[PDB]
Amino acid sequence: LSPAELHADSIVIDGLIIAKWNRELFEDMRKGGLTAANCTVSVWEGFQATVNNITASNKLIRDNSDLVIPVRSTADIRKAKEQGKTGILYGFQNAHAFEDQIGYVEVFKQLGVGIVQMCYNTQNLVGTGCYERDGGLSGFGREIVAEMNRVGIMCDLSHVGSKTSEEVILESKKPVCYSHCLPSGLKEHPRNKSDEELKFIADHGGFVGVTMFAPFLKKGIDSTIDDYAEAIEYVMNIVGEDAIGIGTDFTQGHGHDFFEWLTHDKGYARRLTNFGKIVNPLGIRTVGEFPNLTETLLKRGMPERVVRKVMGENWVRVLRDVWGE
């Protein structure tokens, strides 16, 4: 009932987190009662470099198994909750890790990867990102989507351009998602999505995780926990209460080198953009503050049942759909 007992008695999931990994990050996940999270282990990296991140990841988990456990099935999510731990679901923010092999889709799946973004800002072998002329979904890309549907890896399009994004929604036989994005109806920015877009992905059984990245918020570095709920309500107004969730996009622990890496093509080439100061909305600057989002949305008019949805239940339902598991 009380905004604390609810968060506690609930499945909380985060669609996207790219924080510096260490035991302290893990403990802050626990402090926030986080049940599970899509953790990025690749963005610009190729096959082997991505594999390395996974090896490094499996080690941190292994060494901190009293705080976190791997996530391959939604059953792992139920386990994590009933065990007082945080489930970790491996994700890629780029299909580039597959390189030119369609066989790697099954390989990574076998290594615990459950969500893969099609592209990242610029042109891929499969499609093209959101910061450049979008050429659409390539032939090779349609083969990658297909195998991903067969193997059980969800298609993510947060950083993919509109042309290729639409083709992917129309091609996959399993729900796709925008793990972390914001409405352009509040802020123009190249990474935000239009109302037409948000309505189009929901109509096709899609899912949408609303993010809180300062740069993409209407008020930016002056945004508050409430400005986030505002955006979450704007999206739910188009998407509906069954296709909306959370995708904070927490970059907790990272520094200067990390952001410059995210803003230059390939992590080192030409400048694609400039985010500016990185200031999360006041009221939810750290993972350990996740519970303020349950209390907020709650004290904002949204009934308990819908809240359970937005905080995690919805993420579980789609992941269950896509993994058959």
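Note that residue numbering follows the sequence shown and begins at 1.
- Relative to one another, 47 to 55 and 252 to 260 have unequal mean CA B-factors, and 252 to 260 is the one with the higher figure.
- Just going by the entry, 196 to 204 versus 132 to 140 on mean CA temperature factor gives the higher value to 196 to 204.
- Looking only at 269, 61, 293, 37, the residue with the top Cα B factor in the deposited structure is 293.
- The entry lists a Cα temperature factor for residue 283 that places it in the lowest third of the chain's modelled residues.
- In the deposited entry, the Cα temperature factor of residue 180 sits in the bottom third of values across the chain's modelled residues.
- When all modelled residues of the chain are sorted by CA temperature factor, residue 72 is found within the lowest third.
- Ranked by Cα temperature factor within the chain, residue 101 sits in the lowest third according to the deposited record.
- Ranked by Cα temperature factor within the chain, residue 152 sits in the lowest third according to the deposited record.
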